[PDB]
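Quick note on labels: first sequence line is chain A, next is B, and so on, each numbered from 1. These numbers come from the heavy atoms of this one structure, side chains and all, not from hydrogens, waters or symmetry mates.
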Amino acid sequence: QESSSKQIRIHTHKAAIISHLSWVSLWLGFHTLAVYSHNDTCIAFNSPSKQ
Amino acid sequence: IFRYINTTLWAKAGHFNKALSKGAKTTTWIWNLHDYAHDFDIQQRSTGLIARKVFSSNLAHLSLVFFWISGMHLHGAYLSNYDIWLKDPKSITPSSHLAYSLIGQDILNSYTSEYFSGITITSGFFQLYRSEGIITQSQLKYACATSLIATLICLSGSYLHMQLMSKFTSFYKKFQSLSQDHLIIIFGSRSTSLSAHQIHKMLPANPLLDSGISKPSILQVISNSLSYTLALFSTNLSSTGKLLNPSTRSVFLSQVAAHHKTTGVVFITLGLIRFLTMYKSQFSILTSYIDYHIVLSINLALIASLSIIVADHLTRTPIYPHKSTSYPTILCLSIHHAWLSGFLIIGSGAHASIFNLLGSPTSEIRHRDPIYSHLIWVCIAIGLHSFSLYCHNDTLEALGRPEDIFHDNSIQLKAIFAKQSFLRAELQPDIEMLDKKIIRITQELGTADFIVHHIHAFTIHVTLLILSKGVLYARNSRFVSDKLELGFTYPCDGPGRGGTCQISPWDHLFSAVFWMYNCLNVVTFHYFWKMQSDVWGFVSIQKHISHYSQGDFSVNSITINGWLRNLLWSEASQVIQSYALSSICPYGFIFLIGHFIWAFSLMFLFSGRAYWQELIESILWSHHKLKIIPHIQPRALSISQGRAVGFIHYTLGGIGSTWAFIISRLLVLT
Amino acid sequence: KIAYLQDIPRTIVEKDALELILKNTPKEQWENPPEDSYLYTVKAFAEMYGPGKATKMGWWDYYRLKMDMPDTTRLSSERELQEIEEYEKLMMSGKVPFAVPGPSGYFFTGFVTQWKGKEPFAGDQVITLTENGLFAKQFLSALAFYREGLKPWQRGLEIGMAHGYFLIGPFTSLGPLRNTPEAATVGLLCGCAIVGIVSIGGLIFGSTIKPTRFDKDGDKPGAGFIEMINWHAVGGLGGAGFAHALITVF
Amino acid sequence: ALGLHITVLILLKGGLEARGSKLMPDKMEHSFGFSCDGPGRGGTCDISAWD
Amino acid sequence: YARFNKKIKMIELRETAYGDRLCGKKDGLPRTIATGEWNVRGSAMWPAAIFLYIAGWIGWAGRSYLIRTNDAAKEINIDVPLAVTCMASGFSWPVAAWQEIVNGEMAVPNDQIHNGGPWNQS
Amino acid sequence: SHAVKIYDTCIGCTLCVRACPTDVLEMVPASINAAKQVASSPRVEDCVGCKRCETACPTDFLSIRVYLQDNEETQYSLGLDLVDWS
Amino acid sequence: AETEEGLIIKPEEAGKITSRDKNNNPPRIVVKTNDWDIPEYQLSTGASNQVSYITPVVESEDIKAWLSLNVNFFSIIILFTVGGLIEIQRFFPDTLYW
Amino acid sequence: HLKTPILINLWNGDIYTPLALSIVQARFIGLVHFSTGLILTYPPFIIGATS
Ligand code: CLA
Ligand code: CLA
Ligand SMILES: CC1=C(/C=C/C(C)=C/C=C/C(C)=C/C=C/C=C(C)/C=C/C=C(C)/C=C/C2=C(C)CCCC2(C)C)C(C)(C)CCC1
Ligand code: SF4
């Protein structure tokens, strides 16, 4: 429990770090792939202006 | 009897397996529930229930196939341009498949006829209908109705047999009865029935269409009443297959009807012969192979071999009218059956392994080391020989030494037995053509054909090595001496003995699926390039031939760079430049999606489940922080499931990539 | 005797079919047929229908019964049972009815090759025709590596002559200079190089593993193997030169 | 940004759970790189920090 | 022909509808505004607000159902009346969630959930 | 050879002993649990490393721990069959 | 329940019991099989017009319980959501209002 | 190899016993192949495209 070392303080809440990193990774992947897929689908359908 | 058919178990998921009775404590329970769904052997109750489940599930699947046939028939009767295709098949692409005008999906339907826009189907159902004398919409209506009735009948039979069969039921174990009645009544007495159908409905009809009367006086002549035409009206002597029908570019249907009659006679005579024939040698096989999994494996291997024979025989032994010119249809009919052959062969290997683990094996498993060792040596020999002739040609062509490569204009490896295999076909010294399109010309086999055939042999042998190694080393091995107790499918036996990952027969199938996929991707590419380069294509009135690939195969397929450039790059221009082009937009999109899925599989293929379990625990911390506790505890996929998901996504993505690549190009060129 | 096997009506099962069942079923299972065995159904019905019992059945019940009994053709006859009882006896006795793989299958050659070797638990002593037949044994024993009475240099010389004579061909033909006016001295040089490389490998093997099966008594360990390898190099040179001389002269 | 986030996620998770995670709460007793922890306890492929 | 006429009308309607939307001086493809403008054509503020509301609604309904069904049996065999009750009740999530945040009913102290793997002991 | 260690949390299941495929583990009397017995690993030189003992151990974290040592492998720890190292 | 009048008899009295029924159907032999899906197979002693329903036994309660299974619930909701998206796309295409 | 006529009388495998690569070694070798392929496939493309 001695929260003195920096690695100690990082390890105390390591689950929070990893969970938030997973959240931001999921957000970026979802919203980049989905917008790219929107553009791909709407430009395959002869609609460049629907991107 | 039927009072025990109760819905009380519908809500109780996982009832069939006693390992799932503890309840869904973790998410692994869901995947196990889905995994054991059709594993009737390990499910609860006696062996009679196993037989009832197997037979009724067979009937239910048969009803499903009948429903699929009925759907195809209704699409052909009410959602197709089959009328104008009947009137002019050489100018209309088959289409029984529309797309709704939503999200601009209207761009997928393309001009197939002046009154029809839709997706060009390549199933070949229109050629089948024409060969089945189906002309009016009413005929397709009644075909769909009969298929729906068959669906209902088979569904009701599957429902009934779960209670008609009992603990005393034994009709499935009577293999003499099954073989005799199947053989005679189906292969003999139904082949002659189809011969009757053809003689009485095709020859009265298909010659009428070929005689130029697409009118057929409507029903005055088409609706039978044509007993003044004779059965062998236009055989034109000759030999079956030597002379094709000049109008439809196929074998005369009278010859097909005679074939079916004679094959039915042959099957009936074989059923009569089986009363006294050669036996007492396959008798150990007879007694030791009376089990569900062994007969399933035997039937899967047989059906897959028949599928590959169908794939090779549907393309340059033209049976269907107006089908040889429909190049996308020919390509699809070959390649789909090729893939099914590969998949069902792999399934045969898997169920051979399952039979070895459940039943007791035979004598060949005792000298398994020489078998699976000479198989290893032959695989290494033909891999270090077939492929490397490509590597040698590639290296020496890059070095600028074309006279030292394996080509026709260089050191040439003549296909001696194939060049002396003029036995097949044995056609006259020219080609056949219907309408600006080549029907069939003999594939002149040279050096490139020799090398690619050896590549096929090598890939087949390696896939067989994986399958037979899984089968023979299922019970035990020098590595692990109690693999029998570990079951059929297991991730490993532990990191000990250096590491025991993927020793189970299930993992051997897991690798064999990859190797079969790699085996017949080369088969697909060989067919797709060879037909375009040397068979398919336009014509010139001066007897000169302009193929689609302009004869690239004999000059480029000798090197891997030739395959990369002239097949995967130049012939991918149609699919890659397919955006906003009406017919081929979905093919470009599906090409992209297949790439995505194939790359997505690698996440499951390369990673282990412990990392994902730890990540899931890290996320579950945040969930527990906000009082969001999933009591079905989140667990990462099991090792076997991770491998299965990876393999499925890998094969699906790659198959979709090839599928789009070949279909879009053949639709554009045609 | 057994109660339910007496006075069983022919309508339930015929006499010959019942005798065939009893023959096929092992004797110990007659009293209490197991389950899912035709004899189990015969017992479960003959104890319900018979002379002193229910003498009639509904048509559908009798129809289902007739499809649970054997149809007199799915049962092994006496000769087939003998075939199995003797084939299994052969297999368990360590003898294999010799068979040879064919076009997706194997032909039985009608021969009993004794399978287990002198050490029955040894995996590599299972005797086969291609390694333990008289011809195979005498051919392996008469090889230069094994021939009795040969000095190590003689074995080396013979093996080297074979290798050197053979190795010229793959280079002088289909080689980089296969079409040059010489086209064979290049092959000679390449074959001598291959012989030298494999001889160097053999020297590495003899200086690392040091086989002692060719050393005479009281000698430096591995000396026989080293002598064999050196004379293999000499014989490879000689065979390569002889093949080249034959090619040039003839 | 997605790629950087995920790379940092994997590396940071490996660093923080190199000394022990819920799945394997003794990981600092073993080497930095080791094969696995056996098929039991759910299966433990790719469990080391090196993995 | 009629379906293509309808498609042409849709295309012309799209042309006239995107006229007020901003597009680059070199591409011609209309742009989406992500500056929080709230008052331009194609702004991302309105879709962001709508999605955040409905996503919080979904998450709040799921969390409410999980809290009110503290059992694994209720997750495989959904209590449909309670499930739809929570689904309908989720509309007030932006207020109920904040009232739980400030009143100590959403979060849980770290000393009540499994922190993670041990990193030390000796 | 690997390193198989038994910790005090053992409750005398005997499941680890039964799961071992090379008779590495054994039951010894003790007084630290209601079963009056704990596991022992007197013959870890025969421990292949399959970790079946760890799979069979029901304590919260395994009372028996197998530490893999790959730079330590002997012929017994590798399960060599075709080749003898003695 | 469904065999309130069958004169059901045990194998031990196959040829002993003859009292037919409230109908004239002869007594039926009940065989206690060990299968849970077919716990008891009933055998007849002669011609009979026995009412043996081939229809299953379902009830509203357990059909609703099956529809309350998480798969059916989360498939109905997602199917309705996808259908609503498709209908919105049909009715308000090209998001002109944005 | 231990069954081939000449090999068995020279090499019994007791010295440098052939074994399959261990798990960590296998993962590392696959990683090396993947990294080499992915990295070294690019410079040819760069040179072909720019030059
Ligand atoms: C007649 C064909 C046939 C039959 C009757 C069976 C029957 C059986 N197989 Mg089997 N198998 C077959 C063909 C067949 N197989 C083939 C061709 C292969 C090679 C791939 C296999 C490989 C195989 C393996 C490796 C295993 C079995 C197992 C089993 C048993 C349980 C299956 C189960 O519960 O799965 C439940 C059903 C599923 C999980 C289906 C899920 C869907 C699949 C996995 C993905 C398909 C994706 C789809 C095609 C694409 C989606 C479209 C996309 C656009 C979205 C059962 C006896 C298992 C067993 O334990 O046997 C005792 C087992 O381990 N089989
Ligand atoms: C009750 C449902 C619920 C709720 C309230 C949350 C809440 C949260 N999740 Mg989450 N999650 C859920 C279900 C849920 N999850 C499911 C089913 C999965 C499996 C796919 C995940 C997988 C998951 C991952 C991998 C991660 C989160 C993360 C998070 C946190 C950040 C928000 C986020 O990333 O959302 C985005 C949520 C997802 C991408 C998962 C999909 C959402 C599912 C489909 C909603 C299901 C709701 C359910 C059906 C409601 C039914 C109600 C009815 C029965 C009455 C947040 C605490 C992240 C985190 O820890 O950062 C702090 C993170 O990295 N979740
Ligand atoms: C194909 C065939 C086969 C095989 C065969 C073979 C294997 C062969 C081989 C062969 C060979 C492989 C031969 C060789 C020979 C050699 C020789 C003949 C040599 C000689 C040499 C010499 C003579 C030398 C001399 C010398 C010396 C020694 C040194 C010095 C110098 C001199 C030169 C003097 C079989 C049967 C399977 C079957 C079919 C047929
Ligand atoms: S399994 Fe674990 S707890 Fe049980 S006796 Fe063995 S070491 Fe002790």
Engineer: Would you say NZ of C:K151 has more than 12 non-hydrogen atoms from neighbouring residues, nucleotides or ligands within 6.0 angstrom?
Structural biologist: no
Engineer: Has C:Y106 got more than 12 heavy atoms of other residues, nucleotides or ligands less than 6.0 Å from its OH?
Structural biologist: yes
Engineer: How about C:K27: does its NZ atom have over 12 heavy atoms from other parts shown lying under 6.0 Å from it?
Structural biologist: yes
Engineer: Given side-chain contact (heavy atoms from CB on, under 4.5 Å), test H:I15 with C:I209 step by step and report yes or no.
Structural biologist: CA-CA 8 Å; H:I15 321 294; C:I209 300 292; 3.6 Å; yes
Engineer: Is H:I6 close to chain C through its backbone or its side chain, or both, or neither, when contacts mean heavy atoms under 4.5 Å?
Structural biologist: both
Engineer: Just verifying a value: how many Å separate C:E131 CD and H:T4 OG1, rounded to the nearest 0.5 Å?
Structural biologist: 9.0 Å
Engineer: Would you say that more than 12 heavy atoms from the other residues, nucleotides or ligands in this model lie under 6.0 Å from the CH2 of C:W30, or not?
Structural biologist: yes
Engineer: Taking all atoms of both residues into account, what is the closest heavy-atom pair of C:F145 and H:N9, and its distance?
Structural biologist: CE2-CB, 4.0 Å
